[PDB]
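One structure is given below, encoded as structure tokens.
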Protein chains: 4
Amino acid sequence: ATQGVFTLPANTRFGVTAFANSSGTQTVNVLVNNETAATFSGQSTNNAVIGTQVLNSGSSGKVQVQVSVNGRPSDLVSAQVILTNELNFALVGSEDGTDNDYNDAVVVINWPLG
Amino acid sequence: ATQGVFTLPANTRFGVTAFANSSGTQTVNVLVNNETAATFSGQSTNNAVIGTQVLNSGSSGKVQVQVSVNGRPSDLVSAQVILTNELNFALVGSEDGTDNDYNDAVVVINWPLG
Amino acid sequence: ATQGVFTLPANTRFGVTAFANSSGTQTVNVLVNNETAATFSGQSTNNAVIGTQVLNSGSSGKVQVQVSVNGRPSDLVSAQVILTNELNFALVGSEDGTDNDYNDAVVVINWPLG
Amino acid sequence: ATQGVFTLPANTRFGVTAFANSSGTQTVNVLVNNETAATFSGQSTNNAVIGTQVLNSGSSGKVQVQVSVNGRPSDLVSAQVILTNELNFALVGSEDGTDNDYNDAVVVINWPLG
Ligand SMILES: C[C@@H]1O[C@H](O)[C@@H](O)[C@H](O)[C@@H]1O
Ligand SMILES: C[C@@H]1O[C@H](O)[C@@H](O)[C@H](O)[C@@H]1O
Ligand SMILES: C[C@@H]1O[C@H](O)[C@@H](O)[C@H](O)[C@@H]1O
Ligand SMILES: C[C@@H]1O[C@H](O)[C@@H](O)[C@H](O)[C@@H]1O
Ligand SMILES: [Ca+2]
Ligand SMILES: [Ca+2]
Ligand SMILES: [Ca+2]
Ligand SMILES: [Ca+2]
Ligand SMILES: [Ca+2]
Ligand SMILES: [Ca+2]
Ligand SMILES: [Ca+2]
Ligand SMILES: [Ca+2]
């Protein structure tokens, strides 16, 4: 099934933050309304943040996360969780190798902000 | 119901990160086996990542998140989600007022690391 | 924080299913647009399905789950999770006693159907 | 990533319930420690419960859900959610066609019981 794609409310601000846990340099692309809106790049084997930014969900609200290492796409796992019918988390895990810990690049999208 | 309490696998390293979205200064305490192991604080209405740290769950694996503003405990909401039976996220939201956005202090705990 | 309240897309069919795990008789009331649409009453310590129906979220899309035992409201815990940005589950747990297992009456709402 | 596989606590009773939403007859196989423990077969386009039962996770605690239609394995999506650090839901969606509603066979596993 498709992973890393989330429908957020339209024209709404959201936070996107990426953490790295791999020997490989992670490249996290965030697409909004089918256009690259942000790109984070970094390396860490200790969960360091490699990027955090506030973006706008665009006209459709479609937000997609893609992760690659040196141009090679990582396999993704994702889900959205809503607490007290109002607080949203769009979560993404990614695997750049074969140990399947899926934490090589961990991406957290949260809204609302402010 | 109790919120902000999570049982992690024993003696496991995990990351804990806090975000702020409020006019009030947030203070986040992370307890391991009932004793504070990390504290973050900051003031942002733009999702600033006010703190992050790597901790060890210890023999009990018990982790609890508490959020306060000016010495007043915020109301918490939380849940744990596991992706592909391996990637874990312990999520916490908090409300320091009455506008019910529950994002005043958002905390994300993730494991495994590395 | 408020629990057991979910905002579903309007005029959408959804399933609601209740399970019982307690010595006490569980009364599960499902409100759609603030009006009772279904009620299940049963006792089991072995997860019997005390009720399962298909309801329409109506014009409001507001769905609320209430659980009581002999007229006394149970404390609720809830969350919504979305898989592959399309499959939705609204989850509810409830506690009627002191052991805090929150499974005394478990309710699962799922959509879309068909 | 692999989907439909969950690690439950050892020797623990859990509930498994399957719903159908497809023109095709769904065959849901529930494996415990890599051995078939239960099978639900049925057809419905109205979320009918095609099976509900109580199983034991055994020593390994390994539980896997497989879904097929006409012998063809459906594509699965899954996640585990834990509320108030006590109530567990292992959720599975499956797609037997191309409309990607992933509700063709919906499986809900919950524990603890009692
Ligand atoms: C150190 C190793 O680097 C990799 O690329 C990762 O796939 C492994 O999970 C691990 O983090
Ligand atoms: C600016 C406001 O600050 C308050 O303290 C928060 O409770 C509100 O949600 C909002 O962030
Ligand atoms: C048998 C007991 O019944 C009580 O009413 C419940 O609160 C307990 O969790 C347990 O199920
Ligand atoms: C009636 C249709 O049956 C197909 O086989 C399913 O894939 C569709 O989602 C739909 O339920
Ligand atoms: Ca890896
Ligand atoms: Ca890794
Ligand atoms: Ca607030
Ligand atoms: Ca706020
Ligand atoms: Ca109880
Ligand atoms: Ca119980
Ligand atoms: Ca389908
Ligand atoms: Ca279907």
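Proteins come first, then strands; the chains are lettered A, B, ... in the order of their sequence lines, and each starts at number 1.
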Does the side chain of [X] reach to within under 4.5 Å of the side chain of [Y], using non-hydrogen atoms?
X	Y	value
B:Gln66	B:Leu31	yes
B:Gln80	D:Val81	no
B:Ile109	B:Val65	yes
B:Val107	B:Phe40	no

Exercise for the section: Report the distance from atom OG1 of B:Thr25 to atom CG of B:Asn70, rounding to the nearest 0.5 Å. Expected result: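 Here the interatomic distance stands at 6.5 Å.
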Practice task
Please report the shortest heavy-atom distance between B:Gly58 and B:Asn56, naming the atom on each side.
Solution key: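 Scanning both residues, the minimum pair turns out to be N-OD1, 2.8 Å.
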Exercise for the section: Write out, in numerical order, the residues from residues 4-20 of chain B with a heavy atom short of 4.5 Å from a heavy atom in chain D. Expected result: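 Near chain D, by residue number: B:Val5, B:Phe6, B:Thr7.
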